[PDB]
Every structure is written in structure tokens, then in C-alpha cells.
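Before any questions on binding or motion, here is one chain by itself as C-alpha cells, the form deposited in one PDB entry.
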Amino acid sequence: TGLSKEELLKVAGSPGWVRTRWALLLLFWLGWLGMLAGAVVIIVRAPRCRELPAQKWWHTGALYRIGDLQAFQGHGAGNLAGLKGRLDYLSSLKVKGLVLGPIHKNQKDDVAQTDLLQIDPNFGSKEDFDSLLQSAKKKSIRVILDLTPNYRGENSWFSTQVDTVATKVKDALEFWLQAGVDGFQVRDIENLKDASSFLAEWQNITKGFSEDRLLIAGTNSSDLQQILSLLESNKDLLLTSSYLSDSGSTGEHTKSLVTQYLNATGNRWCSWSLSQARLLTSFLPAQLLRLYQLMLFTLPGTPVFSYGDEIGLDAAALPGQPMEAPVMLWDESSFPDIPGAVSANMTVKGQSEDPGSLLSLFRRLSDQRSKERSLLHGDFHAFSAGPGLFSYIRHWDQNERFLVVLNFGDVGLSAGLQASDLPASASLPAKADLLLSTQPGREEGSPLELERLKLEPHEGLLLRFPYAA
């Protein structure tokens, strides 16, 4: 033992070692408060947390317009009970709603013999319909009814007197919300007399029963001033149009479409879709379908899709078919009219396995859409880029920022990304990670470099870069 003992120690340690052990201990507690109040400074100098902006259910994912039930399932199971079996597919797409209908009773073109309370027995009963709601709400897939009255003829709103047409719709809002539907959709309100007046009543009826219930209105318009007139007194109204239906195919023009639609509304919640009922393929060539999709999933708003827009359902590539309502192509036995007219890379079941297929692009975005707190409710800032580019940044406070670069031109271009106006929170690094690319043939994960960034003809990029300063 190297011990100096206990009784012999008390003689050696006393003299002036009482003071310098009383004073050595005081430097501890003055060194503790210099670490106590040195940690109160950093928590006060630390900025804030931005509060979450009270999202409803239609803010957190896409929608899925299902127009014609007899063509969605097919022949034999075109009914409401057959719809109850497809929900395990729609949840794989992670849609948060279904625009369902119209399923009410329309004889043909009669104001007198069209009822909005009673469904058509081509489909089923309310007991089929009550089972459909309760089965879907187990999976948290909400159901929105389509209440366009004359859904079989020329004029959808019955060109004769209009208040009784409105009085049916005034009363059917009250009835079906008792049944448990979570919103409504009327369409073609360019054929409505004084259209912007009846919606604000129907908005107030829908808000007059709850506040998790929405209303969607359709139109065939593409003019900006025609749209904003319908959104004058209304603010919590979703409005699908054909504002993006014009082809353009140039990035500086599509940038002029979107940013003016945001600047006119300010910052309100949009609903990005090309058309009110039609598919994406009706307006686009097949090499742009992987390119509008990503843009639809990244722009601030609720993307609304029609059925078959995830598998690239074109009606023109399959003759002997109604353009208005196509035939869903689940597998090879989905088109019983002509044998052998369907290839293998053209079906749900065939594209459910390829990691490069167009349906595989859809589940990768609809995953990242309703999970990234940037993409849900982030602020939006597009900035200048090359001649055929549409480039923008979605960012919430300190979450994972994003960056989308799009190539609407058929020339292999470079980035040329200069920010020069983005705020202090949205300043860009030089190296930036990749998440995916539209055209295959990239290293999905390799941190790309923005000044050394080139593109292929018609290829879009979803980069992401973390919060830093």
C-alpha cells in the first residue's frame, strides 16, 4: 500500500490546506453555474418551432376519381358490392379518398324523374352502400359522392328551370351526410346559372354539419379570370379545372401557369389536376406521363387523379372502347372483347412487379407524399433555371428539404441552378443527395452536385437535401 495513513494525515493536512480546499470547492460551484447559465443562453438563442397548420384529411394525400363502376371492375361485377373487394389495391396506392359516383337515379333528361335520395338498382342498395362506407372507413379511405344531376345526357344541369334542380341538391346534402359520406363533388358548373352563388350556400351546408367535410367543384374552363371569379367569396372550396390542359410542352410556360395560379390565390390550398374527369393520357404523349406525375405530387395542393392514371391507361391504344369510360386493365383477361390486344407491360398485374414500371413510380411518390412533413404542408418557392426547366423547392421549417428539376424539352441540358433570391432557410448546398429519377439509369442515392448536373431529354429528378446552415 502507498497509504499515507489517517492519524498521521491529520497533522500534515490542516495548516493552509483548509483554505485552499474551501476555495478549490468554490471554483466548482462557480464552474457549475457557468455551465448552468451557459446552457440557458443556447436554449433562448435557439429560434422557435413552427406550429403545425391544422391539416384535415384531404390535405394529406391524393384523391382517385372513379367515374364508371361498370368499367372499373368490368363486366359481371360492375356494382357496389364488387367495389368492396378492390380497396386492398387502393390502399396500396395510398389514396386518402375516392370520388365515387354518381349512383343516384337518373331515368334520362327528366327533371321530374331524377331523384337524388334513391340509388340506381343497377348497383345495389343502401345496405350495399352503408357496408361500403363502413368497410372503407375501417381502412381510413374516405368516400366522396358525385352529385352531378344529369350524368347521362348533354346538359348536366337540366336546361329548364333551375331552382328545383338546386332544391334537390340542397336537400341531398342533408340526407347523405346522415348516411356518413365525407364530402361531395359537383361537376360542370359552367352550365349552372349564377354558379358562384349556389356553391357558397352548399359550402355552408357542408360546413353546417361538420368541418371534416369538403366540396369539390368541376369545370371545363382554362381561363384564369373565369376561375378566380368562382373563388371570390368562397375560400375553402376545392376547384378542379382544365387550367393545365393546354399542352405547351415548354418549361418556362408551365412555370408561368403554376406560379401565376399561386400568386393570384396567394398561398391557399389548390388542387392540382389536369382535367375534371378525363385521364392524363388524353392530353399527353406517353413519354410525358412519368413527368407530370412527379410535378403533380410535389406542387402545393391535393393532387386528384382518375383511375388508370397510375398505369398509363390510354384509350387510343386500345380500339373498340368508349373514350369517356375506358376498361380497367387488371391483367390479360381484363379486355374480353378482343383477344390478344393487350400486352404484358400494359396491365395492373404485369406492372405490379417491375421496379421500373409507371405504377412503381406512383407508389414511390404516394409513399413520400403523405409522410414527408415538407411535402405535406411546406412553403413553396420556384426559381430560375435553364430554358426547358421547371425547378422548385418545397420546404417546411427544419425537416428534409426537397428539390425537383424537370425537363420539358427534348435536348439533353445542364442545370444552371443559381438561387440568388431564395431565403436564408432555403439556401442550397453544392452537393445534394438523390432520391429517385424518372428515366432509369441513375445511382439512386449518390449525392449529386448541382453545378455539375446535367439532364437527359424528358427526365425529371427528385433530389433531397437536409436542413443545414
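Whichever C-alpha set is largest while still superposing within 1.5 Å between the two forms counts as the rigid core. Residues carry their position along the shown sequence, with the first being 1.
We do not show the form solved in complex with a partner chain, though everything after this point is about it.
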**OP:** Find the only residue in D379, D130, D246, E252 having a heavy atom within 4.5 Å of its partner chain in the deposited complex.
**Re:** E252
**OP:** Answer with one of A172, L289, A166, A385: the residue that has a non-hydrogen atom within 4.5 Å of its partner chain in the deposited complex.
**Re:** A385
Original post:
Hey, in the deposited complex, does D410 get a heavy atom within 4.5 angstroms of its partner chain?
Top reply: yes
**OP:** Superpose on the rigid core, then report which one of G308, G301, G82, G251 has a CA displacement of at least 2 angstroms between the shown form and the other one.
**Re:** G251
Subject >> Cα displacement of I43 between the shown form and the other one reaching 2 Å, rigid core superposed >> reply: no
**OP:** Superpose on the rigid core, then tell me if the C-alpha of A430 is displaced by 2 angstroms or more between the shown form and the other one.
**Re:** no
**OP:** Would you say whether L52 is displaced between the shown form and the other one, judging by a C-alpha shift of 2 Å or more on the superposed rigid core?
**Re:** no
Original post:
Are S242 and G251 closer or farther apart at the Cα level in the deposited complex than shown, by 3 Å or more?
Top reply: closer
Subject >> Cα separation of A430 and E252 in the deposited complex versus here, shift of 3 Å or more >> reply: farther
